[PDB]
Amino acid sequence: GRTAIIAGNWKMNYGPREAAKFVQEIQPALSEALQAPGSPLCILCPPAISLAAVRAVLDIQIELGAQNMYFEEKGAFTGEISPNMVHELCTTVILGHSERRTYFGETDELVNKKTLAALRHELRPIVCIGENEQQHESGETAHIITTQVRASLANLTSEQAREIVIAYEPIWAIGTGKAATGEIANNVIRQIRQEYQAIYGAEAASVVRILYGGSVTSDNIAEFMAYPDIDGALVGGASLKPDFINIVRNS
């Protein structure tokens, strides 16, 4: 009984002009696809500099999300944007993406601070967790998942524990064109739900949305969505293409 979510992470692609053109291309068909019963919630996550341009196209329902923010209300953090700023244009924010954990040193602790800040500003956080190739090959997947859930998804109230979205993204599946099999994704996503249950209780774990990310296309989205525990997808490179519409159709 969980509403499914298809979220498009554009990453660092499409500046203001290109972002507006892309949404002008996909919006008529995407909006019509989302009118069908059982359609997912659909969120576009452009670069922050391009949010206003996309907002202007959409305002002439597809929701808008940011790819990152900082956790303080305001202040002396050159280069950062605040939850208040994001909320002016967006319903949603991606947090803890593996690219930010690896290239920019983001920790579980920092991700949790951003997660609480999102929730306390009426933003939907999509919190990314996942193991890398070496951890997966050495059998450490379960331990990594447990550690990341307990730290990144800490401190939630019962009501908030219902509002967050978790995205499982095997780092070995990102941009490689090698998605996890549905069986592997389901196995780990059920572990995430179990760990969530351990902290927050059975009811909260039954309402939290958990997505799969990592080389999702319209060709394999149905393979993941067939599992009851998989509630949607965080889409990477395909979110830059019209195939994003067909992911929504096939979800």
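When you see a residue number, it is the position in the sequence shown, counting from 1.
For this session: Could you tell me how many residues of the deposited sequence sit unmodelled between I60 and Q61 (none, 1 to 3, 4 to 9, 10 or more)?
Result: Missing residues, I60 to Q61: 4 to 9.
Problem set entry | 91-99 versus 173-181 - which carries the larger mean C-alpha B factor in the record | Higher mean C-alpha B-factor: 173-181.
Problem set entry | Mean temperature factor over C-alpha atoms, higher-scoring stretch between 75-83 and 130-138 | Between 75-83 and 130-138, it is 130-138.
For this session: Report the option among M69, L34, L64, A226 whose CA atom has the maximum B-factor in the deposited record.
Result: Among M69, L34, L64, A226, the PDB entry lists the largest C-alpha B-factor for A226.
Problem set entry | Residue with maximal Cα B-factor (values as given in the PDB entry) among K114, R124, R162, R120 | That would be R162, according to the entry.
Exercise. C-alpha B factor of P40, ranked within the chain: lowest, middle or highest third?
Worked result: Its C-alpha B-factor, which the entry lists for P40, ranks in the middle third among residues of this chain.
Exercise. If you rank the chain by CA B-factor, which third does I210 end up in: lowest, middle or highest?
Worked result: For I210, the deposited C-alpha B-factor lands in the lowest third.
Exercise. In terms of the chain's CA B-factor thirds, is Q27 lowest, middle or highest?
Worked result: Ranked within chain, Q27 CA B lands in the middle tercile.
Problem set entry | Third of the chain, ranked by Cα B-factor, where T146 sits | Ranked within chain, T146 CA B lands in the highest tercile.
For this session: Would you mind ranking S218 by its C-alpha B-factor against the rest of the chain and naming the third, lowest, middle or highest?
Result: It falls in the middle third of the chain.
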